[PDB]
Structures are given as C-alpha cells and as structure tokens.
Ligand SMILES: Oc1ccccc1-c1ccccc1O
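Just one chain is shown here, as structure tokens, and it is the form deposited without the named molecule.
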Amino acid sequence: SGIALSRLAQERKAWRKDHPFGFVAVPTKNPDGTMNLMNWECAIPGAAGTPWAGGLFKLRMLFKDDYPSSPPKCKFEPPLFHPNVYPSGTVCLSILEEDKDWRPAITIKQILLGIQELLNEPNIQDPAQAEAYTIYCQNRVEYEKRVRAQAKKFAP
C-alpha cells in the first residue's frame, strides 16, 4: 500500500530525528533482507520512580495495508502482567481501536507514550486479563509487588 508505506516512511524519519529516551522502534526485515515497514519491533522503558522502573518491555507493532485509516495492533512479546494487556500480549487501549479513539494523525511516538502511560495507570473499566485485573482490585500492594518482579525480570 503506497499510502501506508508513505506514512510509515514519514514516521520512521520523525522517530529517528527525535524520540523519547530509552524507547526503541525499528522496522523489521523480509526474508530477502529488505525493510518491512509493516512490522516494527519496539521497546518501552519503565517510567523512573514507578514500580515499572528498570524494565524494558518489548512489543511488536503490526500495520494493516489500510494504515493510517486503521491503528496498528500492538502486542507485548512476551505477554505482560497488566490489567489491560490480553493473555496474547495484545494491548487494549482506546486509541488503538478504529471504532473508538484512533485518529489517523496519531504518531508512533504518541502510541508508545500512550502505552507507557497505560502501564502505570490501568483502566479498570475494561479489563483484558483476569489475573492482573483481579489482583489490582483486591490488593494493590500485591499488584505492585508483581509489577516490580516483572520489571526486574525484563531488566535490559
């Protein structure tokens, strides 16, 4: 898709020029070694001073041919303990749904910062996994203990 590819080239240029410290967002490669702009390997650092601190959380960003009409699918690899991350790793967030708050102008930087924000502030109305949601509701102290253990596990 020329439209998707043009926008993705724009995103890549902007990202490389200026991006938040500790974040990574890089296109992958096709079997023939050429660049695949439709599938990016990204990483989000845990925010300092939070239970996520010290962790580096890898996630894939997958674009459909009709991007930026549609949002990318964003999927933590491996899946994370968080109330709004499905067991598959897929992130549940309103800016990531075409029929909710996605807007075509939203940038890769804005997506990754939005997901970082989500990490430290779950949305309890729409849980995506039972376990992290249940613990977050029942015992915030235990919830944070689990988050800290996960951040240590994913220290770079």
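Don't overthink the numbering: it's just position in the shown sequence, from 1.
Missing here is the form solved in complex with the named molecule; even so, the following discussion is about that form.
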Quiz item: Within a 4.5 Å heavy atom cut-off, is residue 137 in contact with the named molecule in the deposited complex?
Solution: no
Quiz item: If you check in the deposited complex, is residue 111 within 4.5 Å of the named molecule, heavy atoms only?
Solution: no
Practice problem: Give a yes or no for residue 97: in the deposited complex, does one of its heavy atoms lie within 4.5 Å of a heavy atom belonging to the named molecule? | Solution: no
Quiz item: Heavy atoms within 4.5 Å of the named molecule in the deposited complex: does residue 91 have any?
Solution: no
Quiz item: Based on heavy atom distances of at most 4.5 Å to the named molecule in the deposited complex, which listed stretch, 64-72, 127-135, 101-109, 42-50, is the contact stretch?
Solution: 42-50
Practice problem: Could you list the residues in 62-90 that come within 4.5 Å of the named molecule in the deposited complex, counting only heavy atoms and keeping sequence order? | Solution: 77
